[PDB]
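> There's a structure below that I have some questions on.
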Amino acid sequence: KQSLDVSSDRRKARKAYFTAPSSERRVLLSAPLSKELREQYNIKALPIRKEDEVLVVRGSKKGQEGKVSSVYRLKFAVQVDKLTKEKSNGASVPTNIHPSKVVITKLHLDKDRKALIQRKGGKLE
Amino acid sequence: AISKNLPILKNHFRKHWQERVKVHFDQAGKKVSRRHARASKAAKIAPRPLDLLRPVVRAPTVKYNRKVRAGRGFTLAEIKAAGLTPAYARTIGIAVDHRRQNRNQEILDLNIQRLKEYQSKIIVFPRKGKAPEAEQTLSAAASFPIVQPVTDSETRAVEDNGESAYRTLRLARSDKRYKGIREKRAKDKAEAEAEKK
Amino acid sequence: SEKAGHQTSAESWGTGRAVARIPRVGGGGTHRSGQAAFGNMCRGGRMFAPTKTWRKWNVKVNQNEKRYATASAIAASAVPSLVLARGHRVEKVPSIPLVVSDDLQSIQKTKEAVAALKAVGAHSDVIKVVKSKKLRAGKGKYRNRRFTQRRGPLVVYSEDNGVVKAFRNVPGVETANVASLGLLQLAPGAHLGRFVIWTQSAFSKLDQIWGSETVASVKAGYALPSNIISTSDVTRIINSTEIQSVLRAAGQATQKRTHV
RNA sequence: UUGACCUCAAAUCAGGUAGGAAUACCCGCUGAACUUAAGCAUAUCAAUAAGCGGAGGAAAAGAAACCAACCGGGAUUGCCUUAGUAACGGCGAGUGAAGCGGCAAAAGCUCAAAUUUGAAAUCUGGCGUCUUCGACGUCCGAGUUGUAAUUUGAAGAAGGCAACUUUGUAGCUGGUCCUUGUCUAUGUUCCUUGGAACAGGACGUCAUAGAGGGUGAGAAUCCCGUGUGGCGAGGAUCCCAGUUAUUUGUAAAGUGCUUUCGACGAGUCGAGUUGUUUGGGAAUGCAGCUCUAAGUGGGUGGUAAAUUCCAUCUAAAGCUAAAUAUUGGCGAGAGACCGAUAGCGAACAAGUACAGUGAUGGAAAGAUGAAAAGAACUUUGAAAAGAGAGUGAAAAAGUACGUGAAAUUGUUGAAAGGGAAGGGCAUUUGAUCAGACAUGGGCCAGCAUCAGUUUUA
RNA sequence: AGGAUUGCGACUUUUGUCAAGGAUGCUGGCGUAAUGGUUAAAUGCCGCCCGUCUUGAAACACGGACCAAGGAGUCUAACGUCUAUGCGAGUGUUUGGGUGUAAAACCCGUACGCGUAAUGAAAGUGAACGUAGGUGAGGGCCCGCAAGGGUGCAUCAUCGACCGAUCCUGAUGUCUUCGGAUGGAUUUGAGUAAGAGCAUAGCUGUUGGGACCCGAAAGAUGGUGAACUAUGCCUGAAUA
RNA sequence: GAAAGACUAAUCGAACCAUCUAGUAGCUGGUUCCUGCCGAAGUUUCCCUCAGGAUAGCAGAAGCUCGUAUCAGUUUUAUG
RNA sequence: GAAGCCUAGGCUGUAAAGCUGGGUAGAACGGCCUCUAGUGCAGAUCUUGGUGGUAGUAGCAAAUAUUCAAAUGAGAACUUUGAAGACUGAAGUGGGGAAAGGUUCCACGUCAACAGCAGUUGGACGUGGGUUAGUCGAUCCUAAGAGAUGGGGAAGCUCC
RNA sequence: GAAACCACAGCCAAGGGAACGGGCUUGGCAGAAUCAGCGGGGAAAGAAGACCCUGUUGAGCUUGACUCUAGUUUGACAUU
RNA sequence: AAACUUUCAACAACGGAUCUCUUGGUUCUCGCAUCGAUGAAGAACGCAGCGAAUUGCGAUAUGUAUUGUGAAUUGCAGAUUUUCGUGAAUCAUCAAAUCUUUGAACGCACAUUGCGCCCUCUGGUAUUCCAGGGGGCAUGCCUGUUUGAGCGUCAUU
């Protein structure tokens with residue numbers, strides 16, 4: 001620490017996390033890019049969104065990969081498809097994973113997702 | 001209530017003293033506020049000093065008449081003696097005091113030297129165009145200090161004349177006690193009764 | 001706070017009704033009306049001798065007494081017995097009163113500073129301040145005191161040409177100017193002898209700050225303190241030659257058991 | 001008969017303005033007692049709480065009718081000293097300032113009382129036009145029972161003589177000061193433990209970044225940040241810098257000499273008397289009532305008078321930043337502080353549920369797991385539930401949920417019990433338990449000769 | 001008991017020996033639940049229920065059905081004796097300024113407090129006849145083979161000297177009423193006589209504060225109630 | 001108040017609600033861990049003093065100057 | 001496998017206490033040198049919370065009174081229908097209102113708690129439905145009273 | 001399906017003792033578990049005695065106790 | 001001999017201490033000055049697809065417009081396709097509007113959703129009666145404007 005406008009305090013740090021607004025949770029729930037994609041765009045991480053394509057690198061689910069269904073900002077999570085529990089009655093339920101573990105593989109693009117890469121200082125689309 | 005062999009104290013704590021207590025926790029933090037205030041003022045003003053130039057003055061009473069001290073303002077007689085008006089002097093960084101008087105030739109000279117030393121060393125920029133800046137000196141007291149006048153001759157002659165300093169004080173003190181009645185005793189006997197003769 | 005226990009309005013029932021006396025809450029219709037208050041033994045009562053702001057926090061100390069202790073701490077920097085007893089892996093180092101060249105003063109980055117400590121005779125002392133790092137036992141865990149770790153070496157210097165910026169991010173290393181230099185850094189935990197790393201200009205300046213016989217001081221009306229005894233070695237004096245040659249012989253240390 | 005002036009009215013006349021809220025701090029009025037004196041009445045608590053009126057980010061105070069007796073200081077405010085001192089007090093208990101000295105911060109000024117009298121020179125509103133926090137022109141009104149210019153005691157004015165050194169009003173860009181948005185390093189390589197590496201071991205990388213937080217267990221290197229520095233946007237604008245229009249001027253200011261004058265606040269000052277207050281003592285200030293001035297005059301000089309001198313200021317009208325305060329409000333930092341009977345009354349739908357006619361009074365209540373994966377299906381039962389099964393690392397985690405102590409209860413096992421049990425010293429029996437005979441294949445006694453202390457023939 | 005030897009002795013022709021400054025020698029059984037340890041019951045003797053006020057409690061004196069957590073000499077402003085630390089006729093940085101890795105650490109100095117002089121109500125005056133004086137005791141050192149002599153700090157007793165107040169005395173001089181020389185006195189001081197204090201910290205004790213914890217009958221300020229009940233007024237109703 | 005010190009929201013020889021207020025008490029009750037060493041007093045004088053304080057006495061702690069001293073809750077001879 | 005908790009296991013210290021085996025449980029905590037305090041409980045008719053003996057005991061007795069079958073339901077001394085006995089006896093256990101309550105009225109579902117026995121019933125619980133005015137009331141007038149304005153008090157809250 | 005109460009409990013005589021023991025001392029004695037009654041004991045429960053004295057603690061009422069006071073009345077000065 | 005009574009241990013009850021945790025408190029420091037007749041603080045009654053409370057808002061009612069970010073919200077529904085966009089959202093932001101009935105509270109009253117008066121447009125045949133839509137009517141004080149009152153008083157017929 002050096003500047004006087006930052007609080008090295010455990011109570012204030014956790015309060016900012018748990019009671020964050022919906023827009024601010026977009027920046028927190030991020031995920032790193034793969035070693036293949038890191039050579040293309042030259043960016044280490046981005047905010048994770050709805051229609052993606054992702055690989056689980058840690059935990060019990062690691063090895064599998066699938067498509068992202070919805071970014072659950074309320075619970076700090078991201079529901080990925082094909083990562084489910086089949087209950088005793090024969091009903092599928094999605095399992096939640098924190099996106100810091102998850103790794104992005106084939107980025108979804110719009111106008112602003114291209115311009116986001118240009119802003120950070122990255123080549124290509 | 002009392003009784004061993006202790007000194008009789010005087011503690012004035014029978015009012016609601018706890019409601020009106022102050023603890024100076026701010027001492028350390030309040031120092032930085034003043035250093036910040038002195039710095040930020042110099043940035044606004046820029047090439048001028050923070051202090052006004054003050055004169056040399058002698059102190060009152062028997063206890064402090066043997067020492068000199070920085071006064072308030074330069075008087076109207078001394079400002080005239082150097083060669084300038086009182087209204088002009090206020091904008092050059094020279095303090096003026098309309099109520100202080102002069103009854104001493106020694107203090108009169110000292111402060112005329114102080115003004116001539118000030119006027120020579122300072123520079124003045126015109127209102128119109130060019131302004132060749134020359135940094136800022138903050139304290140006027142640093143460049144123009146106060147020195148104690150020397151009335152000393154270290155080695156000196158020993159001129160005795162059998163007068164006795166102790167005997168001089170006893171005679172001089174006796175005159176102050178008795179001049180009242182000695183005037184009135186002379187106003188009788190020699191005057192009034194004998195002026196009638 | 002104040003006004004903590006005083007907020008409720010309550011007075012005692014007194015004698016007649018078989019309970020204690022001691023102030024009880026007025027008669028509403030809750031599960032509270034009837035309960036006690038105010039007294040230190042009561043639930044939601046007053047604290048006995050409640051803490052106030054105007055207690056004595058800081059302590060005044062004499063100016064000469066600080067400079068006596070600070071001077072003795074700089075004597076403790078040398079002498080290898082006190083340094084090893086007060087932690088510090090100083091087995092490798094060639095001698096102590098360790099001085100380094102003034103090229104150290106113009107270091108820029110950490111990569112330069114870390115390589116310097118290896119070549120001089122340290123880094124094992126910095127590695128100690130790395131394995132060390134563990135959690136607290138008390139309640140500093142949730143009061144912004146979440147980890148401990150031990151102290152490293154000190155780097156003393158005269159002039160600044162980027163020395164503080166380089167050694168800032170090193171785990172255990174602290175820095176200090178010679179002109180300042182207090183008791184806290186030299187003898188932390190009230191134990192003498194920290195492993196100091198002096199520079200050439202810093203080491204040469206010490207005669208100009210404190211003083212010697214012919215050299216003055218610079219501090220206003222200060223000279224170094226003289227000791228009661230000249231030389232600490234008493235065993236040399238008792239044996240010596242002049243003292244021992246005078247007196248009668250010993251009585252074989254330990255005596256017999258008599259009248260058994 | 002008609003038109004003015006002076007006082008007083010009316011209107012849903014044109015246009016404005018005042019109330020309540022909050023109250024930590026600030027300016028006044030009003031005003032207690034418990035208590036202390038070992039009783040109690042003056043005193044003390046206290047010029048304090050409650051009650052009433054009025055302000056602002058600060059308020060109040062402030063340019064001497066001052067402090068002094070020195071070789072004199074020089075508006076106010078605060079801090080350190082003065083000092084627990086000089087004085088006050090059933091001289092008991094107790095109370096109690098200020099001058100000088102060292103610092104923080106320093107800034108000074110405006111009316112009335114004179115004739116513009118060769119030109120009410122001044123100002124509100126109406127109507128019109130412009131570059132609209134305003135400016136220009138025009139028409140009624142205000143006002144000579146006094147609105148401008150000119151002067152304020154430090155002076156100053158009216159004349160004469162004499163040299164002249166100075167000047168001014170808009171917007172545009174940039175910096176500066178605020179509110180902000182975005183960008184800027186380095187491993188998720190191998191092996192053991194596990195439900196899960198954020199653990200342990202081996203090998204690296206970045207560091208002006210090893211603060212803090214998040215993620216299935218102690219993460220600089222997984223994520224947000226942190227550090228270092230860039231790059232925008234939107235306000236404030238005179239504080240500075242640099243420019244461009246202008247266009248002020250024969251008008252405004254300053255200074256040397258000499259002559260004549262030199263306006264200064266009234267039911268006030270001051271005196272007596274009553275009540276109150278102060279450290280202020282033949283009376284410190286304030287208020288009511290009666291008496292009531294002056295022109296070298298009046299005030300003060302901490303003992304009442306009369307008499308004579310000296311030193312000091314100029315009252316009875318007014319404005320003003322800074323250093324100083326702040327348990328309230330809006331926004332940021334920290335802690336050798338508490339850790340759910342603590343800390344605010346309140347970590348939860350708390351001034352909530354509930355009580356009183358009413359003023360008011362006023363609680364309890366935090367924690368399944370990493371993830372509800374919150375127990376499908378069989379079988380007994382009218383059902384609640386039970387036995388199985390199934391989920392999970394664990395159901396000795398089942399939403400009467402982390403850990404689950406004691407009082408207190410049920411079952412099984414062992415022991416004893418003729419008006420209570422429960423203890424201490426010493427054995428016996430029953431139960432149960434530590435402790436160096438392992439290398440090649442200590443525990444318990446008996447007799448003999450001695451030493452120390454005794455006893456008995 | 002003790003744990004190399006040392007001493008006093010005895011018996012010895014001698015070497016040596018010994019009951020002489022605290023036990024060695026020889027033998028057997030078992031080597032583990034046998035000896036010991038805790039725990040429960042039985043038997044012998046002994047044992048009233050704690051806490052408290054009191055001359056005196058098992059008490060027919062008071063509090064205590066049982067368990068868990070909470071629960072009572074604290075902090076401050078002036079201080080006294082003793083103790084440690086630093087400097088020492090001085091001592092005290094921290095109101096304030098300078099700096100800074102920022103409530104820290106480090107540096108700076110005018111003042112000012114206490115101390116270095118007292119005594120008087122005040123006006124005021126203001127501490128060496130002599131080696132800073134004698135007498136009695138005094139540790140230590142010096143001279144001596146000793147007996148004894150010399151030198152004697154601290155301190156204790158004791159008679160003197162000096163400064164202030166008090167009461168007399170009253171010289172040369174002199175604004176003729178000021179001035180106070182010198183000499184004295186059963187008086188008198190929290191005085192002088194080769195200076196000791198100042199600052200920080202600690203236990204104990206003191207006084208004000210809520211003042212180790214709980215406990216009154218009261219007093220004062222400002223507010224809310226006549227739906228019960230007391231009484232009058234206005235308007236209605238009820239009584240074989 | 002046709003009078004009992006009656007009634008005045010279960011409250012009356014002076015209602016209830018908050019605040020000053022942690023009102024004051026010479027009077028009652030309580031006052032939290034071990035071993036080790038020393039070890040009292042209820043008496044004298046004064047007090048709107050007699051259930052309470054001051055003052056001496058008894059007790060502990062810290063010690064200082066010295067090292068067989070001119071001492072003893074005692075006896076004897078002489079003498080009041 | 002840290003803390004905590006349980007243990008007729010063991011070892012040390014005169015003691016305050018400490019160390020350690022077995023079980024339970026699932027995230028932090030110790031020794032030695034110093035600093036510092038809201039630092040040790042059996043008592044206070046102590047404070048708050050929980051649980052005993054007493055005890056399956058005291059008791060659930062005033063308003064004259066119940067009985068027989070049938071139905072529904074797992075279950076009927078107590079619910080619904082029938083039959084028989086009874087009482088209040090029109091100053092009433094009848095029919096309507098005032099104050100006061102506020103959905104308790106009414107239908108369909110349904111019994112974990114409440115109705116000091118029980119419960120299929122309920123003023124309970126869950127989900128809905130329901131109050132229609134020119135003429136009935138309020139509104140309008142005045143009563144004992146209350147209360148602005150013009151005025152005069154009071155430092156003022158406000159008083160007459 | 002409760003409450004009061006409860007140190008621990010519940011057999012007597014005499015002794016001594018804080019002068020009238022259910023527990024100490026000396027004798028008498030002494031047999032599981034229990035149900036109706038009853039009022040001899042438990043100095044049985046109820047309430048920090050109201051009678052009495054003490055406190056340098058209060059309040060209600062009375063009066064030629066001590067010191068005050070609203071109201072009223074007399075005089076002076078102002079309104080004049 | 002059992003039951004019963006008392007002490008201990010294992011398992012099971014009762015109850016929520018102990019231990020570890022913490023989006024809350026408490027103290028200290030630093031910065032800034034902003035309520036209201038243009039209708040405040042407070043109060044009532046309403047509003048969500050399914051809400052009782054809390055959190056937001058006022059018949060434009062868990063909000064509308066304006067700007068920024070760039071795809072959600074999520075207990076269950078349901079869309080809208082807006083998803084290379086003049087755009088998802090209980091997001092952030094906030095400078096234009098709406099703002100029921102009240103309250104200093106203002107036409108007179110107010111244990112009443114009581115009772116009036118003026119201007120203006122539209123209906124029923126209407127300057128006068130009935131209803132509907134819109135705009136207005138408090139008190140003290142100041143500056144001016146227009147009507148006035150008094151032998152208070154001046155000049156002119």
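Labels used: A, B, ... for chains in the order of the structure tokens, numbers from 1 for residues in each chain, and numbers from 1 for ligands as shown.
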Among stretch 25-208 of chain C, which ones does DSSP place in helix (DSSP H, G or I), written as a JSON list (two decimals) with C-alpha atoms, in the first residue's frame?

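What follows is the written file selection12.json:
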```json
[["chain", "number", "residue", "atom", "x", "y", "z"],
["C", 63, "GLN", "CA", 16.29, 12.91, 25.78],
["C", 64, "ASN", "CA", 19.69, 11.79, 27.14],
["C", 65, "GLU", "CA", 18.19, 8.45, 28.30],
["C", 66, "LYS", "CA", 17.01, 7.62, 24.74],
["C", 67, "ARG", "CA", 20.44, 8.48, 23.27],
["C", 68, "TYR", "CA", 22.11, 6.30, 25.94],
["C", 69, "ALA", "CA", 19.96, 3.29, 24.95],
["C", 70, "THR", "CA", 20.22, 3.98, 21.18],
["C", 71, "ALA", "CA", 24.05, 4.20, 21.44],
["C", 72, "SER", "CA", 24.24, 0.87, 23.32],
["C", 73, "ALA", "CA", 22.02, -0.76, 20.64],
["C", 74, "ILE", "CA", 24.54, 0.28, 17.93],
["C", 75, "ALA", "CA", 27.28, -1.34, 20.07],
["C", 76, "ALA", "CA", 25.10, -4.50, 20.07],
["C", 77, "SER", "CA", 25.12, -4.56, 16.21],
["C", 80, "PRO", "CA", 28.77, -12.08, 17.33],
["C", 81, "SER", "CA", 27.50, -13.65, 20.61],
["C", 82, "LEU", "CA", 24.50, -11.29, 20.98],
["C", 83, "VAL", "CA", 23.47, -11.53, 17.28],
["C", 84, "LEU", "CA", 23.24, -15.35, 17.11],
["C", 85, "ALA", "CA", 21.44, -15.52, 20.49],
["C", 104, "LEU", "CA", 24.62, -0.42, -3.28],
["C", 105, "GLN", "CA", 23.15, 3.09, -2.78],
["C", 106, "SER", "CA", 22.37, 3.45, -6.53],
["C", 110, "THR", "CA", 14.62, -5.85, -6.73],
["C", 111, "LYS", "CA", 16.47, -8.19, -9.15],
["C", 112, "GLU", "CA", 19.67, -6.23, -8.38],
["C", 113, "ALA", "CA", 18.99, -6.09, -4.60],
["C", 114, "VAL", "CA", 18.29, -9.85, -4.21],
["C", 115, "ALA", "CA", 21.59, -10.74, -5.97],
["C", 116, "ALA", "CA", 23.49, -8.37, -3.62],
["C", 117, "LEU", "CA", 22.30, -10.10, -0.41],
["C", 118, "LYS", "CA", 23.50, -13.51, -1.72],
["C", 119, "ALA", "CA", 27.04, -12.28, -2.51],
["C", 120, "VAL", "CA", 27.45, -10.19, 0.69],
["C", 124, "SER", "CA", 19.35, -17.40, 4.20],
["C", 125, "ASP", "CA", 18.28, -14.68, 6.68],
["C", 126, "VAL", "CA", 15.64, -13.54, 4.12],
["C", 127, "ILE", "CA", 14.57, -17.19, 3.44],
["C", 128, "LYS", "CA", 13.91, -17.46, 7.21],
["C", 129, "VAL", "CA", 11.44, -14.57, 6.69],
["C", 130, "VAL", "CA", 9.34, -16.66, 4.22],
["C", 131, "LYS", "CA", 8.97, -20.11, 5.85],
["C", 140, "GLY", "CA", -5.89, -10.34, 15.51],
["C", 141, "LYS", "CA", -7.21, -12.76, 12.86],
["C", 142, "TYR", "CA", -10.30, -10.50, 12.52],
["C", 163, "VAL", "CA", 17.71, 2.32, -2.27],
["C", 164, "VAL", "CA", 14.36, 2.35, -0.40],
["C", 165, "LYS", "CA", 12.26, 1.54, -3.51],
["C", 166, "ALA", "CA", 14.33, -1.58, -4.34],
["C", 167, "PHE", "CA", 14.38, -3.08, -0.80],
["C", 183, "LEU", "CA", 15.58, 2.17, 19.25],
["C", 184, "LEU", "CA", 12.61, 0.34, 17.63],
["C", 185, "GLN", "CA", 14.51, -0.94, 14.57],
["C", 186, "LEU", "CA", 17.80, -1.69, 16.41],
["C", 188, "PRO", "CA", 12.80, -4.82, 18.65],
["C", 189, "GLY", "CA", 11.08, -6.84, 21.41],
["C", 190, "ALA", "CA", 13.55, -5.32, 23.93],
["C", 200, "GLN", "CA", 30.66, 2.95, 3.49],
["C", 201, "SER", "CA", 29.34, 6.54, 3.68],
["C", 202, "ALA", "CA", 26.92, 5.57, 6.49],
["C", 203, "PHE", "CA", 29.65, 3.81, 8.52],
["C", 204, "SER", "CA", 32.12, 6.72, 8.12],
["C", 205, "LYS", "CA", 29.48, 9.27, 9.27],
["C", 206, "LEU", "CA", 29.08, 7.84, 12.83],
["C", 207, "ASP", "CA", 31.99, 9.88, 14.28],
["C", 208, "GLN", "CA", 30.30, 13.07, 12.95]]
```
> Report as a Markdown table the residues of chain F within 12 Å of chain C, each with its shortest atom pair and distance in Å (one decimal), using only C-alpha atoms (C1' of nucleotides), ordered by chain and increasing residue number.

```
| residue | atom | partner | partner_atom | distance |
| --- | --- | --- | --- | --- |
| F:17 | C1' | C:9 | CA | 11.0 |
| F:18 | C1' | C:9 | CA | 8.3 |
| F:19 | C1' | C:9 | CA | 10.0 |
| F:21 | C1' | C:6 | CA | 10.1 |
| F:22 | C1' | C:38 | CA | 8.1 |
| F:29 | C1' | C:20 | CA | 11.0 |
```
> How close does chain C get to chain B? List, as a tab-separated table, each residue of chain C within 10 Å, its nearest atom pair and the distance in Å to one decimal, counting only C-alpha atoms.

```
residue	atom	partner	partner_atom	distance
C:53	CA	B:23	CA	7.7
C:54	CA	B:23	CA	6.1
C:55	CA	B:23	CA	9.4
```
> Skip residue H:60 itself and residues of its chain fewer than 3 positions away, then list as a PDB file with C-alpha atoms (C1' of nucleotides), in the first residue's frame all residues within 12 Å of it, counting only C-alpha atoms (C1' of nucleotides).

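around05.pdb written:
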```pdb
ATOM      1  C1'   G F   5     -58.105  12.963  56.169  1.00  0.00           C
ATOM      2  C1'   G F  13     -51.897  12.298  56.054  1.00  0.00           C
ATOM      3  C1'   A F  14     -50.419  15.147  49.059  1.00  0.00           C
TER       4        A F  14
END
```
> As a ChimeraX atom specification, could you give me every residue of chain I near chain B (at most 9 Å apart, counting only C-alpha atoms (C1' of nucleotides))?
/I:28-30
> To one decimal in Å, tell me the separation between atom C1' of residue D:331 and atom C1' of residue I:40.
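Atom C1' of residue I:40 lies 24.1 Å from atom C1' of residue D:331.
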> Could you check which of A:116, A:13, A:74, A:45 is closest to chain C, using only C-alpha atoms?
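Looking at the shortest contact to chain C, the residue is A:13.
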> Using only C-alpha atoms (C1' of nucleotides), I'd like a table of the residues in chain B that come within 10 Å of chain E; for each, show the closest atom pair and its distance in Å rounded to one decimal, ordered by chain and ascending number, as a Markdown table.

```
| residue | atom | partner | partner_atom | distance |
| --- | --- | --- | --- | --- |
| B:1 | CA | E:207 | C1' | 7.4 |
| B:2 | CA | E:207 | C1' | 7.6 |
| B:3 | CA | E:206 | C1' | 8.5 |
| B:4 | CA | E:206 | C1' | 8.2 |
| B:5 | CA | E:80 | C1' | 8.2 |
| B:6 | CA | E:80 | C1' | 6.0 |
| B:7 | CA | E:79 | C1' | 7.6 |
| B:8 | CA | E:207 | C1' | 8.7 |
| B:9 | CA | E:78 | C1' | 7.0 |
| B:10 | CA | E:78 | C1' | 7.4 |
| B:11 | CA | E:208 | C1' | 6.0 |
| B:12 | CA | E:208 | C1' | 7.3 |
| B:13 | CA | E:208 | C1' | 5.7 |
| B:14 | CA | E:208 | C1' | 7.0 |
| B:15 | CA | E:209 | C1' | 9.0 |
| B:16 | CA | E:209 | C1' | 9.0 |
| B:17 | CA | E:209 | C1' | 8.5 |
| B:18 | CA | E:209 | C1' | 8.7 |
| B:25 | CA | E:103 | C1' | 8.1 |
| B:26 | CA | E:103 | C1' | 8.0 |
| B:27 | CA | E:103 | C1' | 8.3 |
| B:28 | CA | E:103 | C1' | 5.4 |
| B:29 | CA | E:103 | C1' | 6.3 |
| B:30 | CA | E:103 | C1' | 9.8 |
| B:31 | CA | E:96 | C1' | 9.7 |
| B:32 | CA | E:102 | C1' | 9.8 |
| B:170 | CA | E:179 | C1' | 9.6 |
| B:171 | CA | E:179 | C1' | 8.9 |
| B:174 | CA | E:178 | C1' | 8.5 |
| B:175 | CA | E:178 | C1' | 9.7 |
| B:178 | CA | E:178 | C1' | 8.9 |
| B:182 | CA | E:175 | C1' | 8.6 |
| B:186 | CA | E:175 | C1' | 9.8 |
```
> Would you tabulate, counting only C-alpha atoms (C1' of nucleotides), all residues of chain F that have an atom at most 12 Å from an atom of chain B, showing the closest pair of atoms and their distance in Å to one decimal, sorted by chain then ascending number, as CSV?

```
residue,atom,partner,partner_atom,distance
F:53,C1',B:1,CA,9.3
F:54,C1',B:3,CA,7.3
F:55,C1',B:3,CA,9.9
```
> What would the file look like if the residues just selected were written as a PDB file, in the first residue's frame with C-alpha atoms (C1' of nucleotides)?

```
ATOM      1  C1'   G F  53     -13.537   9.902  63.977  1.00  0.00           C
ATOM      2  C1'   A F  54      -8.645  12.343  65.354  1.00  0.00           C
ATOM      3  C1'   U F  55      -4.198  11.458  68.857  1.00  0.00           C
TER       4        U F  55
END
```
> Counting only C-alpha atoms (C1' of nucleotides), which residues of chain B come no farther than 9 Å from chain D, as an MDAnalysis selection string?
chainID B and resid 10:12 14:16 44 57:66 71:73 76 85 97:100 104
> Okay, now the selection with C-alpha atoms, as a PDB file, in the first residue's frame?

```
ATOM      1  CA  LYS B  10      -6.291  22.413  46.975  1.00  0.00           C
ATOM      2  CA  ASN B  11      -8.136  20.309  44.369  1.00  0.00           C
ATOM      3  CA  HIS B  12     -10.971  22.189  42.615  1.00  0.00           C
ATOM      4  CA  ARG B  14     -16.568  19.676  43.025  1.00  0.00           C
ATOM      5  CA  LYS B  15     -18.367  20.747  39.801  1.00  0.00           C
ATOM      6  CA  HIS B  16     -19.317  18.533  36.829  1.00  0.00           C
ATOM      7  CA  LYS B  44      -1.396  30.884  -4.245  1.00  0.00           C
ATOM      8  CA  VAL B  57      10.804  47.422  19.850  1.00  0.00           C
ATOM      9  CA  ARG B  58      11.800  47.633  23.549  1.00  0.00           C
ATOM     10  CA  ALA B  59       9.690  45.815  26.182  1.00  0.00           C
ATOM     11  CA  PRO B  60       7.854  47.284  29.243  1.00  0.00           C
ATOM     12  CA  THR B  61       8.213  46.889  33.061  1.00  0.00           C
ATOM     13  CA  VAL B  62      11.278  46.499  35.324  1.00  0.00           C
ATOM     14  CA  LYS B  63      11.499  42.746  34.567  1.00  0.00           C
ATOM     15  CA  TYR B  64      11.860  43.008  30.738  1.00  0.00           C
ATOM     16  CA  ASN B  65      13.293  46.513  29.946  1.00  0.00           C
ATOM     17  CA  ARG B  66      16.773  44.893  29.547  1.00  0.00           C
ATOM     18  CA  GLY B  71       6.990  44.933  17.552  1.00  0.00           C
ATOM     19  CA  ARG B  72       3.743  45.359  15.580  1.00  0.00           C
ATOM     20  CA  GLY B  73       4.142  48.291  13.136  1.00  0.00           C
ATOM     21  CA  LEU B  76       4.252  57.249  10.869  1.00  0.00           C
ATOM     22  CA  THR B  85       3.973  57.257   2.200  1.00  0.00           C
ATOM     23  CA  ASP B  97       0.864  51.073  13.310  1.00  0.00           C
ATOM     24  CA  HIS B  98      -0.805  54.492  13.694  1.00  0.00           C
ATOM     25  CA  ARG B  99      -0.824  54.536  17.552  1.00  0.00           C
ATOM     26  CA  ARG B 100       2.824  53.776  18.560  1.00  0.00           C
ATOM     27  CA  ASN B 104      13.917  57.541  21.882  1.00  0.00           C
TER      28      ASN B 104
END
```
> Quick one: which chain A residues come within 6 Å of chain D, and what is the nearest atom pair for each with the distance in Å to one decimal, counting only C-alpha atoms (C1' of nucleotides), rows ordered by chain and ascending number, as a tab-separated table?

```
residue	atom	partner	partner_atom	distance
A:1	CA	D:211	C1'	4.7
A:8	CA	D:212	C1'	4.7
A:13	CA	D:213	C1'	5.6
A:28	CA	D:224	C1'	5.4
A:88	CA	D:376	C1'	4.8
A:89	CA	D:376	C1'	4.0
A:100	CA	D:223	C1'	5.3
```
